[PDB]
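Chemist: This one is an experimental structure. Sequence first:
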Amino acid sequence: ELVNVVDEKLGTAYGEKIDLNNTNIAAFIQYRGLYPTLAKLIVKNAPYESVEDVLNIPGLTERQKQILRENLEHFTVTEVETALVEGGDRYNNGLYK
Amino acid sequence: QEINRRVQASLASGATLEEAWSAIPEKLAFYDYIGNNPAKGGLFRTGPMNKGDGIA
Amino acid sequence: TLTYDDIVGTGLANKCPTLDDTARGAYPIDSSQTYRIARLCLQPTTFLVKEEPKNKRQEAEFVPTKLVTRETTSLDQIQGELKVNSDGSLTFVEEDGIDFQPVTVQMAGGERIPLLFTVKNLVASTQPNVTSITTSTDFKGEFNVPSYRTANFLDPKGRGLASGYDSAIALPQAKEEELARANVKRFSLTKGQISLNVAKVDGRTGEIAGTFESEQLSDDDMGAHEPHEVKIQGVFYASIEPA
Amino acid sequence: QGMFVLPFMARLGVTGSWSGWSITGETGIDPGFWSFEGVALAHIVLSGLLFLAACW
Amino acid sequence: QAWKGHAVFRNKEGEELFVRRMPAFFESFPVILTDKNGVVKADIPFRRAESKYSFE
Ligand code: CLA
Ligand code: CLA
Ligand SMILES: CC1=C(/C=C/C(C)=C/C=C/C(C)=C/C=C/C=C(C)/C=C/C=C(C)/C=C/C2=C(C)CCCC2(C)C)C(C)(C)CCC1
Ligand SMILES: [Ca+2]
């Protein structure tokens, strides 16, 4: 009955891609042009029903939408996991080097 | 090493994986388990090995 | 008005601003304007814990406790929009602030009860037809209570949710079933309820004060044991301003 | 609970603990010094003083 | 932990039956139920072959 929800989440797309609804902000450093400007807007405007909903963030520039489109393939969405988003952990998850 | 040797010889004589491993005596397999290694104990961990991991 | 050096070390930093007895006025609400709470402060004075009922299934009461974590308990610098609704009611939507404190209280006999005293994501509303906020106004609302420890927290044996071992490594050949509840950390998220009773209003400044009562669960140690029910009583202060 | 001396303390008015409980089931009582613990401590100190007097 | 409540025993005819209580002298005691006038109405038999008062 008892499940570690973080381990479980590693078996979903969360474990394969940047989950726009859960993944810590540092992950956006993996690809050109996402950090810190887009990273901030994405985390601030989460959750999303689908990856393509990220294109609808209010105030995005035309260039930002293009960059987002180029990176949709690296993104996913799964259900919000309380354990990953509480504590401001998406902005600092206690991991440094 | 001896377990793997016996399994390979079984596989080479046309056994299935199930058959090859089923042919390994339990007694040989039990030697290949760290709970039977004498360098895994404690000075004040008293009594039979069975008192730790259990009766196999 | 006091400076940091006036306040430092006195215990005043953990108290909410108060209003004088003359402040029994009314603060006009204009349904055309936007409003905000610039500062909400909540200062607990009493923590009560519901006794775990013997087994009579009779009335289990909330009992007094002793605070052991000192003057570290208040919620403050909380802000958010104050909506005016169709029916003339007000809805405060908490957006940010110092909106949680870990608190440990001690029951008679020694049992320590940690809790995350909080109003995170508070949405609280008045009665309908609040043309002016008076000493008859009150707010009732719900808030979120996340796990007292967050996902990185490691127990004394190094086990955790987002980090740590996933077994009892000191008992290498123990049967794992009876240790599952200790080995598998779970993150709690529940709801709390709060009432704010306005007792004082400065009609000129838009400052209000009064008493609060809140109810929420205590720490469950990442799913290792059952939380306790806690009732928190205290005073509050809020400054309302046109947004 | 097999309590033997506790009832004798209770019989004469010692009913509370420093830890906040009372044998009548009250909470948040202050028994003052003469809790069950205070009584116990007083007897231990008396024991020590009588021991010293015995030596003299 | 808790009182289960007061048990009221009744036979098929709906008459209230009363379990005979164990006196302090007895380490073990039979189970005998009587009506309000002390007439035996039910018991737990030892020998079953000539039982007439079984709960069944
Ligand atoms: C050569 C000596 C020797 C050895 C190797 C064994 C070996 C064994 N015995 Mg046997 N046994 C022995 C002699 C020995 N025994 C003697 C003399 C008796 C009579 C008391 C027994 C009676 C006995 C019983 C009843 C049992 C065993 C059992 C066992 C097994 C578990 C041992 C254990 O848990 O140790 C634990 C060892 C320690 C905790 C180390 C002790 C260290 C001491 C206390 C240090 C003292 C320090 C000193 C005071 C410092 C002084 C400083 C000063 C100079 C300044 C193991 C196969 C158990 C078993 O499984 O049987 C089937 C069992 O139940 N033994
Ligand atoms: C210094 C004063 C003092 C005080 C205030 C206490 C107080 C207490 N003691 Mg401690 N105690 C003391 C000294 C004291 N003690 C000393 C010096 C000893 C060593 C002997 C003890 C050994 C002791 C024990 C073993 C116990 C206590 C216990 C207690 C508690 C219950 C008392 C009770 O039921 O008495 C009952 C006393 C009597 C019924 C006295 C009977 C008097 C006889 C009948 C007198 C007969 C002779 C007389 C001359 C006849 C003529 C009388 C005349 C008026 C006509 C209470 C907290 C109890 C407890 O709760 O422990 C934690 C307990 O078990 N005490
Ligand atoms: C009043 C009162 C009371 C009581 C009390 C009492 C009961 C007391 C007592 C007391 C006591 C009971 C005391 C004592 C003591 C003592 C002493 C003071 C001692 C001493 C000593 C010495 C000095 C010694 C020495 C030596 C040594 C050590 C060794 C060898 C040598 C020599 C000898 C040198 C009460 C609490 C109720 C309350 C209130 C009041
Ligand atoms: Ca009021």
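Modeler: All right, it came through fine. Numbering: from 1, shown residues only, chains lettered A, B, ... in the order given. Ligands and ions are numbered 1, 2, ... in the order given.
Chemist: Now do the helices for chain A: every range, in order, please.
Modeler: A:5-10, A:37-45, A:62-71, A:82-85 (DSSP state H).
Chemist: got a list of contacts for the last one?
Modeler: Going back to what we said before, that points to helix A:82-85. With contact meaning Cβ atoms under 8 Å, 6 or more residues apart in numbering or on different chains, helix A:82-85 is reached by A:5-6, A:9, A:21-24, A:90, C:146-147, C:150-151, C:161-162, C:187, C:189. All C-beta spots, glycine's among them, are computed from the backbone N, C-alpha and C.
Chemist: re the thing from before, deepest in the core, which of the helices of chain A is it.
Modeler: Neighbour counts (mean count of other Cβ atoms under 10 Å in any protein chain shown) averaged over each of the helices of chain A peak at helix A:82-85, with a mean of 22.
Chemist: for chain A, what are the nearby residues on chain C?
Modeler: By Cβ under 8 Å from any Cβ of the partner chain, the part of chain C that sits against chain A consists of C:146-147, C:150-152, C:161-163, C:166, C:180-181, C:184-187, C:189, C:223.
Chemist: Derive a PyMOL selection command for the buried subset of those.
Modeler: The buried residues among these can be selected in PyMOL (16 or more other Cβ atoms under 10 Å in any protein chain shown) with this line:
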select buried, chain C and resi 146+147+150+151+152+161+162+163+184+185+186+187+223
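Chemist: Which ones among the residues of chain C next to chain A map onto helices?
Modeler: C:180-181.
Chemist: how near is whichever residue of chain C sits closest to chain B to residue B:32?
Modeler: Nearest to chain B in chain C, going by Cβ to the nearest Cβ, is residue C:173, at a distance of 3.3 Å. According to Cβ to Cβ, to the nearest Å, residue C:173 stands 15 Å off from residue B:32.
Chemist: repeat for residue C:164
Modeler: 30 Å.
Chemist: quick one on the thing from earlier: could you export the helices of chain A as JSON lines, including distance to ligand 4?
Modeler: Shown next, in JSON lines, are those (distance: least, Cβ to the ion, whole Å):
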{"stretch": "helix A:5-10", "distance to ligand 4": "43"}
{"stretch": "helix A:37-45", "distance to ligand 4": "38"}
{"stretch": "helix A:62-71", "distance to ligand 4": "50"}
{"stretch": "helix A:82-85", "distance to ligand 4": "35"}
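Chemist: Dump those helices into a markdown table; add distance to ligand 3 as well.
Modeler: Putting the helices of chain A into a markdown table (distance: least, Cβ to the nearest ligand atom, whole Å) gives the following:
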| stretch | distance to ligand 3 |
| --- | --- |
| helix A:5-10 | 60 |
| helix A:37-45 | 67 |
| helix A:62-71 | 80 |
| helix A:82-85 | 57 |
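Chemist: And the strands in chain A?
Modeler: Here chain A has its strands, by DSSP state E, at A:18-19, A:75-76.
Chemist: what lines up beside the last one in the sheet?
Modeler: According to DSSP bridges, strand A:75-76 has the following sheet partners: strand A:18-19 (parallel).
Chemist: Check the offset of the partner strand from the chain's centre.
Modeler: 4 Å (Cα atoms, centre = their mean, to the nearest Å).
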